[PDB]
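The structure under discussion appears below in the form of structure tokens.
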Amino acid sequence: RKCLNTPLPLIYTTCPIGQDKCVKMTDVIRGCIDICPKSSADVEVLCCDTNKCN
């Protein structure tokens with residue numbers, strides 16, 4: 001529902017209905033998501049399913 005949104009520690013948005021998950025990708029990018037994208041050689045995906053968990 002709510003997810004961290006920026007490389008900064010507290011900022012968030014409420015997600016589009018249907019985007020029930022939060023992701024931190026590591027530069028650092030965070031935001032709302034529907035399905036947890038596969039991790040890769042040079043990009044790491046953390047995915048969690050509770051408010052501001054990323």
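Chains: A, B, ... in order of the structure tokens. Residues: from 1 per chain. Ligands: from 1, in order shown.
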Residues of chain A in strand (DSSP E or B), written as a PyMOL selection string: chain A and resi 2-4+12-14+21-25+29-33+45-48
Just the selected residues (N, CA, C and O atoms), exported as a compact mmCIF listing (two decimals), in the first residue's frame, please.
```
# COMPACT_ATOMS: atom_id res chain seq x y z
N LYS A 2 1.68 1.43 1.04
CA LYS A 2 2.66 2.53 1.10
C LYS A 2 4.09 2.01 0.93
O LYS A 2 4.44 0.96 1.46
N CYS A 3 4.92 2.73 0.18
CA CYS A 3 6.31 2.28 -0.04
C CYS A 3 7.27 3.43 -0.03
O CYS A 3 6.90 4.52 -0.46
N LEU A 4 8.52 3.18 0.42
CA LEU A 4 9.59 4.18 0.27
C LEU A 4 9.86 4.41 -1.23
O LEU A 4 9.84 3.47 -2.05
N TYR A 12 7.75 8.59 1.03
CA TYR A 12 6.93 7.50 0.48
C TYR A 12 5.83 8.01 -0.45
O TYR A 12 5.55 9.20 -0.48
N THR A 13 5.24 7.09 -1.22
CA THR A 13 3.94 7.33 -1.87
C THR A 13 3.03 6.19 -1.49
O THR A 13 3.49 5.11 -1.04
N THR A 14 1.73 6.43 -1.69
CA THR A 14 0.74 5.36 -1.75
C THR A 14 0.73 4.82 -3.18
O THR A 14 0.84 5.57 -4.15
N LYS A 21 3.28 -4.41 -3.30
CA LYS A 21 4.65 -4.69 -2.86
C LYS A 21 5.63 -3.52 -3.03
O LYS A 21 5.37 -2.57 -3.76
N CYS A 22 6.75 -3.59 -2.32
CA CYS A 22 7.69 -2.49 -2.27
C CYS A 22 9.01 -3.09 -2.66
O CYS A 22 9.26 -4.25 -2.40
N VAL A 23 9.88 -2.29 -3.25
CA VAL A 23 11.11 -2.82 -3.79
C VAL A 23 12.20 -1.80 -3.56
O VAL A 23 11.94 -0.60 -3.54
N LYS A 24 13.40 -2.29 -3.30
CA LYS A 24 14.62 -1.50 -3.16
C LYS A 24 15.50 -2.18 -4.14
O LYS A 24 15.68 -3.40 -4.09
N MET A 25 16.04 -1.39 -5.05
CA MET A 25 16.88 -1.91 -6.11
C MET A 25 18.24 -1.22 -5.94
O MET A 25 18.31 -0.01 -5.70
N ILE A 29 17.26 2.70 -5.98
CA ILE A 29 15.89 3.06 -6.35
C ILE A 29 14.84 2.15 -5.66
O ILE A 29 14.99 0.93 -5.55
N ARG A 30 13.78 2.81 -5.19
CA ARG A 30 12.74 2.23 -4.34
C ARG A 30 11.42 2.66 -4.92
O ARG A 30 11.34 3.69 -5.56
N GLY A 31 10.38 1.86 -4.75
CA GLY A 31 9.03 2.23 -5.15
C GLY A 31 8.05 1.08 -5.05
O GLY A 31 8.37 0.03 -4.48
N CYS A 32 6.84 1.29 -5.59
CA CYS A 32 5.76 0.30 -5.52
C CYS A 32 5.93 -0.70 -6.63
O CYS A 32 6.52 -0.38 -7.67
N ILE A 33 5.38 -1.89 -6.45
CA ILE A 33 5.49 -2.94 -7.46
C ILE A 33 4.37 -3.98 -7.33
O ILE A 33 3.73 -4.08 -6.30
N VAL A 45 17.62 -7.05 -6.24
CA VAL A 45 16.22 -6.78 -5.93
C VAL A 45 15.84 -7.27 -4.53
O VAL A 45 15.87 -8.47 -4.27
N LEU A 46 15.49 -6.34 -3.64
CA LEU A 46 14.79 -6.68 -2.41
C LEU A 46 13.31 -6.38 -2.57
O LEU A 46 12.94 -5.30 -3.04
N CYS A 47 12.47 -7.35 -2.21
CA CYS A 47 11.00 -7.22 -2.34
C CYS A 47 10.39 -7.69 -1.06
O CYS A 47 10.76 -8.75 -0.55
N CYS A 48 9.44 -6.89 -0.58
CA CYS A 48 8.78 -7.14 0.68
C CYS A 48 7.34 -6.72 0.51
O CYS A 48 7.01 -6.06 -0.47
```
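Atom CA of residue 17 of chain A sits 13.9 Å away from atom CA of residue 49 of chain A.
If you measure from each of A:43, A:28, A:35, A:15 to residue 1 of chain A using only C-alpha atoms, the closest one turns out to be A:15.
Residue neighbourhood of residue 27 of chain A, excluding near-sequence residues (fewer than 4 positions): residues 6, 7, 8, 42, 43 and 44 of chain A, at 12 Å, using only C-alpha atoms.
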